[PDB]
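Structural characterization, general
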Protein chains: 2
Amino acid sequence: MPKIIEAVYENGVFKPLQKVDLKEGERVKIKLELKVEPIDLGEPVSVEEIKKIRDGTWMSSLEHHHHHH
Amino acid sequence: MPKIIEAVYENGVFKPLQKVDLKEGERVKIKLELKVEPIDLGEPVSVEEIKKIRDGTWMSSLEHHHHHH
């Protein structure tokens, strides 16, 4: 694998933690390890089905009379 | 903003190409720049519904119609 190894920069030189398979003058890239995570954003609370929603229940009396003559 | 440092590992030491003024035993991770390995071709094509999965021959009983009097 393309392995990472840790090293301790002593006095101006990087001294490994465990040996490296490299030769003299081998070129590599190194960085000071970081911490913390980035920022996170979440979708705000919405109206859920469990919330009180009114229904449209109509009611008529169904009139069925007739004026006579 | 962290940079990536480059160093040359000579005789078991990592010697940067850009001098750093940090502590003795400062913590860093090393990366060895790697080449990518390509892929080959996967599996052949499958059989779909419109591809006709098997034979499509069935017996027609032909026309017998109706007879009356």
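Thresholds, definitions, all that
- Residues numbered from 1 in each chain as written, not as in the entry; some residues may be left out.
- Chains lettered and ligands numbered in written order.
- Heavy atoms only, no water.
- Helix = DSSP H or I, 4+ residues; strand = E, 2+ residues; numbered from the N terminus.
- Polar contact = N/O pair within 3.5 Å; in protein donor to acceptor, adjacent residues only side chain to side chain.
- Contact = heavy atoms within 4.5 Å.
- Buried area = accessible area lost by both parts, 1.4 Å probe.
- Salt bridge = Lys/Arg side-chain N within 4 Å of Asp/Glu carboxyl O.
- Nonpolar A, V, L, I, M, F, W, Y, C, P; charged D, E, K, R; others polar.
- Pairing = 2+ DSSP bridges.

Per the PDB record, the structure was determined using solution NMR.

**As for the side chain of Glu 26 of chain B**
Tracing the backbone through its elements, the reader meets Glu 26 of chain B in strand β3 (residues 26-31). A polar contact of 2.6 Å, which involves the side chain of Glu 26 of chain B, links it to the side chain of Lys 23 of chain B. Not counting residues within four places of it along the chain, the set of residues in contact with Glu 26 of chain B comprises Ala 7, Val 8, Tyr 9 and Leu 32 of chain A.

**Regarding the interface of chain B and chain A**
If you look at the interface, chain B gives 31 residues, while chain A gives 29 residues. For the pair chain B and chain A, the summed buried area comes to about 3,100 Å², and 65% of that belongs to carbon and sulfur atoms. Between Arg 27 of chain A and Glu 6 of chain B there is a salt bridge, and its shortest N-O distance comes to 2.6 Å. Counting across the interface, chain B meets chain A through 16 residue pairs in polar contact. Counting residues per element, the ones that place at least two in the side of chain B that touches chain A are β1 (5-10), β2 (13-16) and β3 of chain B. Its residues assigned to classes, the side of chain B that touches chain A comprises 16 nonpolar, 3 polar and 12 charged. As paired strands, strand β3 (residues 26-32) of chain A and β1 of chain B are joined by 5 bridges and run antiparallel to one another.

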